[PDB]
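K.L.:
I have a structure here, written as structure tokens, and I will follow up with some questions on it.
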Amino acid sequence: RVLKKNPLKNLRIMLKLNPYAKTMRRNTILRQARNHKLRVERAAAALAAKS
Amino acid sequence: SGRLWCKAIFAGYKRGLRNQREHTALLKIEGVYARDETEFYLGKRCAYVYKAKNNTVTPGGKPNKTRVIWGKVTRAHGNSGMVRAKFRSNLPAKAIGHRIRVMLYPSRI
Amino acid sequence: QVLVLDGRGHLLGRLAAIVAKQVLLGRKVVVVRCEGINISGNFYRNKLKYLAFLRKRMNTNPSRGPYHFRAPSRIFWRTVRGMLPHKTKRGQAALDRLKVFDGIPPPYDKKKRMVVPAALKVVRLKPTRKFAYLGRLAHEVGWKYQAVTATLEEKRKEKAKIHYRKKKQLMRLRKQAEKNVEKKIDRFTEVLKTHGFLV
Amino acid sequence: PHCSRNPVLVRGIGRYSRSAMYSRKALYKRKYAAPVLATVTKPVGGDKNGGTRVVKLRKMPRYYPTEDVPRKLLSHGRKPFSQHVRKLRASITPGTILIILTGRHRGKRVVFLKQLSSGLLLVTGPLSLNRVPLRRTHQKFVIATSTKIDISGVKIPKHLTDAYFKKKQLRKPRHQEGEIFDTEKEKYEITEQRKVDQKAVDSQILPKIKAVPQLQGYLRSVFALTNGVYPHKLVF
Amino acid sequence: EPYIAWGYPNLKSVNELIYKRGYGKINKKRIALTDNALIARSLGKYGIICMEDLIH
RNA sequence: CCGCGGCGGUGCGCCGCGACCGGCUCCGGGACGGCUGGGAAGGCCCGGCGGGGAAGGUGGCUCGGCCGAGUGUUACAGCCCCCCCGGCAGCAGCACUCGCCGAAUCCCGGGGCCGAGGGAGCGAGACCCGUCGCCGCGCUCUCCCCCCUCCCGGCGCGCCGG
RNA sequence: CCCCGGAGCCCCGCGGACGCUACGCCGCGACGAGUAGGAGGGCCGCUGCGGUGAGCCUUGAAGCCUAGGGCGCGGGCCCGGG
RNA sequence: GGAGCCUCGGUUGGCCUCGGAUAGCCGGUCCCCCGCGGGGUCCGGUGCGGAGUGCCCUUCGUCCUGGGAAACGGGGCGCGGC
Ligand SMILES: [Mg+2]
Ligand SMILES: [Mg+2]
């Protein structure tokens with residue numbers, strides 16, 4: 001009997017089933033990092049325009 | 001040199017109206033009255049404490065009449081800051097409406 | 001460790017509720033000046049409703065019967081006992097913590113005596129509604145010791161006036177003493193108003 | 001032996017890729033074109049008449065028992081305590097102040113110094129003020145207050161470490177049976193080394209607390225709840 | 001109608017069902033789809049060879 | 001006998017810890033899609049064009065010290081409101097939380113509780129043992145360089161050489 | 001480009017459990033209300049006969065008693081003391 | 001003062017105005033009436049209540065010496081009267 005570990009939680013299990021998830025989830029960290037930065041620079045440009 | 005346990009009552013066992021379930025107490029903790037002001041207590045160590053005729057041992061001490069059933073505040077019971085605990089034996093019902101010392105000492109603070 | 005509630009200006013079954021639940025958690029509760037307690041709905045109404053309760057009795061042997069206490073203390077204590085499990089041991093154990101009084105006698109005349117606002121008439125009734133005073137209701141239903149309770153309580157309130165007056169005098173002395181002293185307590189009192197008192 | 005050529009994005013997920021890695025390491029250009037009977041294995045010795053003998057390193061067992069347990073199954077994860085990663089509640093910084101809850105320094109306030117290897121906290125309530133020496137405590141039984149002395153620069157000795165804060169006595173046999181054997185021995189003595197180390201640490205900390213007003217008194221004082229006061233409500 | 005609730009799922013709903021609660025019916029035994037080589041074994045004739053293909 | 005060396009199973013009794021996995025239950029973060037390619041709003045104001053409550057107005061009366069307050073009438077804009085034409089970057093389902101629906105258009109981190117349930121080594125001169133699948137990587141058998149600097153070595157806490 | 005009485009082994013076709021009472025042992029799944037009623041298995045139980053325990057027994061059988069110790073889901077059973 | 005069974009709970013205190021709610025609380029009376037107080041008017045303060053139970057009181061290591069601020073306070077189950 002094989003323990004079903006939940007892929008949604010268990011990163012590696014997900015990959016063993018669906019290997020492409022590594023790439024998808026490489027992005028949408030990086031994609032979000034990108035977008036977080038951009039919002040800081042917008043907030044900086046709004047504070048500078050206010051000054 | 002003073003008290004190091006927040007006071008709490010043992011209000012009874014977890015239960016539906018006509019079916020009791022002994023293995024799961026309901027502690028009313030002194031001064032906490034919202035399923036909001038009861039995160040703190042989750043995870044904490046709690047003790048029904050009492051004494052009896054025959055002596056017992058005591059950690060860090062000579063033998064003594066006092067005994068406890070240790071426990072653990074497990075989760076947060078219905079709305080009005082009542083809580084649930086789960087003790088290592090089930091509490092004895094003699095206890096119903098007495099003190100059970102809730103500690104601070106599995107802290108997440 | 002003891003709850004002393006001034007029964008005055010509460011709603012009979014409202015305060016009872018709180019008391020019951022307290023008493024079962026193991027709080028020794030004392031209610032006091034019950035005859036002040038006031039029951040919602042108009043008087044005649046409630047007198048009639050007590051008079052039902054007096055109509056109730058075991059035919060064959062009244063002596064065994066529902067014991068209609070007339071004293072407004074008892075009357076409150078009866079209505080707590082209706083909100084307890086009093087046949088059990090734990091319900092009777094609880095009921096032995098409740099202590100009730102017709103007026104307010106010596107151990108608790110000199111005690112800061114609480115109020116439950118959730119039971120309070122001025123909070124729970126609309127102000128355009130009628131309500132009995134229990135004192136009256138007891139009286140008309142057979143309670144004796146109304147006048148005696150009243151006339152002891154005048155003597156209580158007179159004695160209390162004096163206590164209060166003398167308290168007021170000490171408070172005035174303190175206020176004056178702080179004004180005398182302020183400059184030599186400045187670098188305490190300051191800290192108590194940086195950490196949120198005095199203001 | 002180079003370090004990791006990609007960083008960590010998140011536990012287990014690499015920042016880079018396969019093919020972005022292929023470039024970095026350079027799998028291009030790093031291509032490796034590469035196309036008993038008589039002789040006894042492991043014994044051997046000397047000795048006189050008849051010639052030289054052959055012993056056998058590791059000789060087979062002189063007895064077997066009648067039944068025995070049969071292996072396990074590899075299990076994959078689960079890593080002996082030494083090797084575990086350690087933790088720390090962010091509220092505990094070096095030179096914070098704690099309330100040590102549970103042992104005979106019960107409710108005593110105290111100064112945190114460093115995390116040990118173990119995981120435990122090295123702590124001192126400069127034995128002077130509080131009566132709490134160089135001791136360990138477990139994160140868990142320790143409220144972290146919001147009071148911090150700038151301990152920053154104090155040479156807490158390197159040699160004081162998890163090993164030296166560790167209980168000692170008792171070996172196996174001796175006389176054993178009767179009314180004797182290590183029921184006596186009796187005391188933990190303190191040792192000059194420990195007294196020196198305390199001194200060395202205290203002198204360094206102690207000024208820093210005396211620079212804060214009141215704090216030495218705070219530290220002397222014991223923590224304890226009282227009436228009309230609730231852990232959940234108040235703060236440390 | 002009175003016995004069921006039903007509707008048109010999301011994509012996410014498909015995934016969350018199929019990864020978390022998806023078990024094959026393999027030789028009539030209910031079996032947790034732990035690895036792709038279970039899906040393939042029985043739907044390979046259909047070009048369905050991994051968890052992902054099944055969802056699709 | 002001392003080695004608590006290596007392995008195997010164990011604990012007299014009471015306890016505590018830790019990290020890993022299964023399952024839950026919550027919390028805190030952030031990033032996005034869609035819509036009336038959202039509605040309102042905010043902010044700068046300019047030019048016009050009307051309409052209404054009702055105004056720095058006036059008026060009858062009242063109440064207080066020309067001024068303030070309270071009613072009343074016709075009603076422009078010197079309190080606003082409303083529509084009509086024309087135009088700006090500050091928006092953004094907005095921490096000014098006014099009103100959705102969502103996530104291959106979505107991920108990170110933290111806490112509480114319950115649980116561990118199984119056992120692919122029984123060879124005589126050579127392991128009492130790993131490991132399957134997956135992730136990658138990470139390293140190396142390819143060279144370079146740069147930094148920081150822990151151990152050690154050297155030179156003047158600073159600088160240079162695992 | 002050689003032979004396992006020796007490749008050293010995650011696979012070994014040269015020989016094969018610690019395992020294999022094959023009425024044995026092992027692994028996966030799913031499932032489990034029940035009168036009347038049916039069927040299965042009882043190393044449940046009582047009395048007697050053929051076999052069989054180089055069985056037990058005056059150094060104490062049967063039976064009886066038992067706030068002693070255990071096993072069995074259970075029917076029941078094993079122990080200790082009298 | 002010494003031991004020694006048993007029964008248990010507990011694990012800082014709060015020593016008090018009356019009451020009102022489409023209202024209250026406190027001052028001070030310059031002024032007036034009543035028995036240091038009570039009642040009155042007038043004025044001044046607070047009033048999502050700080051003269052607040054969202055509160056108040058009380059401290060929780062022991063000792064040393066050798067400075068300051070604060071200082072005649074505390075005790076001897078200290079002892080007699082009202
Ligand atoms: Mg005790
Ligand atoms: Mg059945």
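Residues in the structure tokens are numbered from 1 in each chain, the chains being A, B, ... in the order shown, and ligands are numbered from 1 in the order shown.
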Please identify which residues in chain E DSSP calls strand (DSSP E) from the backbone, and express them as a list in words.
P.N.:
residues 23, 24, 25, 26, 29, 30, 31 and 32 of chain E
K.L.:
Residues up to 12 Å from ligand 1, counting only C-alpha atoms (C1' of nucleotides) and all ligand atoms: could you list those as a PyMOL selection string?
P.N.:
(chain B and resi 3+49-52+58+64-68+101) or (chain H and resi 8-11)
K.L.:
Keeping N, CA, C and O atoms (P, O5', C5', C4', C3', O3' and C1' of nucleotides) for every residue in the selection just given, could you write it to a file as a PDB file, in the first residue's frame?
P.N.:
```pdb
ATOM      1  N   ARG B   3       2.185  33.750  41.046  1.00  0.00           N
ATOM      2  CA  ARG B   3       1.461  32.816  40.190  1.00  0.00           C
ATOM      3  C   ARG B   3       1.959  32.833  38.764  1.00  0.00           C
ATOM      4  O   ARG B   3       2.165  33.898  38.201  1.00  0.00           O
ATOM      5  N   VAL B  49      -5.518  20.070  38.972  1.00  0.00           N
ATOM      6  CA  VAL B  49      -4.671  19.773  40.125  1.00  0.00           C
ATOM      7  C   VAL B  49      -5.531  19.513  41.335  1.00  0.00           C
ATOM      8  O   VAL B  49      -6.567  20.150  41.514  1.00  0.00           O
ATOM      9  N   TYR B  50      -5.099  18.578  42.169  1.00  0.00           N
ATOM     10  CA  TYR B  50      -5.886  18.157  43.316  1.00  0.00           C
ATOM     11  C   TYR B  50      -5.039  17.312  44.215  1.00  0.00           C
ATOM     12  O   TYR B  50      -3.923  16.954  43.855  1.00  0.00           O
ATOM     13  N   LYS B  51      -5.587  16.936  45.356  1.00  0.00           N
ATOM     14  CA  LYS B  51      -4.838  16.137  46.292  1.00  0.00           C
ATOM     15  C   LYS B  51      -5.626  14.953  46.831  1.00  0.00           C
ATOM     16  O   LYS B  51      -6.857  14.942  46.774  1.00  0.00           O
ATOM     17  N   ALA B  52      -4.898  13.966  47.360  1.00  0.00           N
ATOM     18  CA  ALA B  52      -5.489  12.715  47.841  1.00  0.00           C
ATOM     19  C   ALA B  52      -4.734  12.100  49.014  1.00  0.00           C
ATOM     20  O   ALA B  52      -3.574  12.429  49.275  1.00  0.00           O
ATOM     21  N   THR B  58       6.931  13.368  43.735  1.00  0.00           N
ATOM     22  CA  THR B  58       6.862  14.698  43.184  1.00  0.00           C
ATOM     23  C   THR B  58       8.180  15.000  42.478  1.00  0.00           C
ATOM     24  O   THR B  58       9.240  14.801  43.061  1.00  0.00           O
ATOM     25  N   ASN B  64       4.389  13.748  48.225  1.00  0.00           N
ATOM     26  CA  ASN B  64       3.353  14.722  48.568  1.00  0.00           C
ATOM     27  C   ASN B  64       1.951  14.411  48.085  1.00  0.00           C
ATOM     28  O   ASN B  64       1.776  13.926  46.964  1.00  0.00           O
ATOM     29  N   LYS B  65       0.968  14.795  48.913  1.00  0.00           N
ATOM     30  CA  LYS B  65      -0.462  14.491  48.708  1.00  0.00           C
ATOM     31  C   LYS B  65      -1.082  14.971  47.405  1.00  0.00           C
ATOM     32  O   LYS B  65      -2.108  14.437  46.996  1.00  0.00           O
ATOM     33  N   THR B  66      -0.471  15.966  46.768  1.00  0.00           N
ATOM     34  CA  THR B  66      -0.994  16.535  45.522  1.00  0.00           C
ATOM     35  C   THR B  66      -0.607  15.764  44.239  1.00  0.00           C
ATOM     36  O   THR B  66       0.533  15.281  44.094  1.00  0.00           O
ATOM     37  N   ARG B  67      -1.595  15.673  43.332  1.00  0.00           N
ATOM     38  CA  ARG B  67      -1.504  15.004  42.019  1.00  0.00           C
ATOM     39  C   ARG B  67      -2.164  15.844  40.983  1.00  0.00           C
ATOM     40  O   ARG B  67      -3.071  16.618  41.289  1.00  0.00           O
ATOM     41  N   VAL B  68      -1.742  15.664  39.741  1.00  0.00           N
ATOM     42  CA  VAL B  68      -2.445  16.305  38.644  1.00  0.00           C
ATOM     43  C   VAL B  68      -2.569  15.424  37.451  1.00  0.00           C
ATOM     44  O   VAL B  68      -1.797  14.490  37.228  1.00  0.00           O
ATOM     45  N   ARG B 101      -5.289  24.840  36.212  1.00  0.00           N
ATOM     46  CA  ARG B 101      -4.270  25.839  35.998  1.00  0.00           C
ATOM     47  C   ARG B 101      -3.903  25.678  34.544  1.00  0.00           C
ATOM     48  O   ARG B 101      -3.591  24.562  34.121  1.00  0.00           O
TER      49      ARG B 101
ATOM     50  P     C H   8     -11.875  14.412  50.535  1.00  0.00           P
ATOM     51  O5'   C H   8     -10.395  14.988  50.361  1.00  0.00           O
ATOM     52  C5'   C H   8     -10.056  16.042  49.427  1.00  0.00           C
ATOM     53  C4'   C H   8     -10.619  17.371  49.879  1.00  0.00           C
ATOM     54  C3'   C H   8     -10.600  18.503  48.863  1.00  0.00           C
ATOM     55  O3'   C H   8     -11.627  18.405  47.867  1.00  0.00           O
ATOM     56  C1'   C H   8     -10.265  19.272  51.113  1.00  0.00           C
ATOM     57  P     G H   9     -11.271  18.367  46.283  1.00  0.00           P
ATOM     58  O5'   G H   9     -11.353  19.894  45.833  1.00  0.00           O
ATOM     59  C5'   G H   9     -10.373  20.872  46.241  1.00  0.00           C
ATOM     60  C4'   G H   9     -11.085  22.145  46.629  1.00  0.00           C
ATOM     61  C3'   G H   9     -10.699  23.424  45.914  1.00  0.00           C
ATOM     62  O3'   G H   9     -11.113  23.425  44.554  1.00  0.00           O
ATOM     63  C1'   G H   9     -11.223  23.854  48.178  1.00  0.00           C
ATOM     64  P     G H  10     -10.693  24.616  43.576  1.00  0.00           P
ATOM     65  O5'   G H  10     -10.034  25.678  44.554  1.00  0.00           O
ATOM     66  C5'   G H  10      -9.565  26.921  44.038  1.00  0.00           C
ATOM     67  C4'   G H  10      -9.108  27.799  45.168  1.00  0.00           C
ATOM     68  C3'   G H  10      -7.862  28.628  44.920  1.00  0.00           C
ATOM     69  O3'   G H  10      -8.143  29.744  44.094  1.00  0.00           O
ATOM     70  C1'   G H  10      -7.857  27.769  47.117  1.00  0.00           C
ATOM     71  P     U H  11      -7.359  29.950  42.723  1.00  0.00           P
ATOM     72  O5'   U H  11      -5.978  30.582  43.178  1.00  0.00           O
ATOM     73  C5'   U H  11      -5.924  31.577  44.206  1.00  0.00           C
ATOM     74  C4'   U H  11      -4.524  31.629  44.745  1.00  0.00           C
ATOM     75  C3'   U H  11      -3.443  31.796  43.679  1.00  0.00           C
ATOM     76  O3'   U H  11      -2.591  32.852  44.079  1.00  0.00           O
ATOM     77  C1'   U H  11      -2.892  30.004  45.100  1.00  0.00           C
TER      78        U H  11
END
```
K.L.:
Could you name the residues that touch stretch 88-93 of chain C at 10 Å or less, counting only C-alpha atoms (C1' of nucleotides), but leaving out those on the same chain fewer than 3 positions away, as a PyMOL selection string?
P.N.:
(chain B and resi 93-94+96-97) or (chain C and resi 20+23-24+26+81+83-85+96-98)
K.L.:
List all protein, DNA and RNA residues that have an atom no more than 7 Å from any atom of ligand 2, counting only C-alpha atoms (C1' of nucleotides) and all ligand atoms, and report them as a list in words.
P.N.:
residues 32, 33 and 34 of chain G
K.L.:
I need the contact residues of chain D against chain H, so if you could list those with any atom within 9 Å, counting only C-alpha atoms (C1' of nucleotides), and return them as a short mmCIF file (atom, residue, chain, number, x, y, z; two decimals) with N, CA and C atoms, in the first residue's frame, that would help.
P.N.:
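File produced: selection-v8.cif:
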```cif
data_model
loop_
_atom_site.label_atom_id
_atom_site.label_comp_id
_atom_site.auth_asym_id
_atom_site.auth_seq_id
_atom_site.Cartn_x
_atom_site.Cartn_y
_atom_site.Cartn_z
N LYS D 108 11.89 34.16 36.87
CA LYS D 108 13.04 35.07 36.98
C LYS D 108 13.21 35.73 35.66
N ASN D 130 20.29 38.80 39.76
CA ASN D 130 19.10 38.00 39.73
C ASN D 130 19.24 36.72 40.50
N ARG D 131 20.45 36.18 40.47
CA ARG D 131 20.81 34.89 40.99
C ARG D 131 20.60 33.80 39.94
N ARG D 220 16.20 42.08 38.69
CA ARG D 220 16.12 41.41 39.97
C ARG D 220 14.74 40.85 40.19
N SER D 221 13.74 41.65 39.86
CA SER D 221 12.36 41.26 40.10
C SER D 221 11.92 40.03 39.32
N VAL D 222 10.99 39.32 39.93
CA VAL D 222 10.45 38.11 39.38
C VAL D 222 9.22 38.51 38.60
N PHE D 223 8.99 37.82 37.49
CA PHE D 223 7.71 37.91 36.82
C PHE D 223 6.69 37.07 37.56
N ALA D 224 5.44 37.52 37.51
CA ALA D 224 4.33 36.77 38.06
C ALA D 224 3.01 37.46 37.76
N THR D 226 -0.99 38.31 38.48
CA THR D 226 -1.77 38.62 39.66
C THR D 226 -3.24 38.80 39.30
N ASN D 227 -4.01 39.37 40.22
CA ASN D 227 -5.41 39.62 39.97
C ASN D 227 -5.65 40.76 39.01
#
```
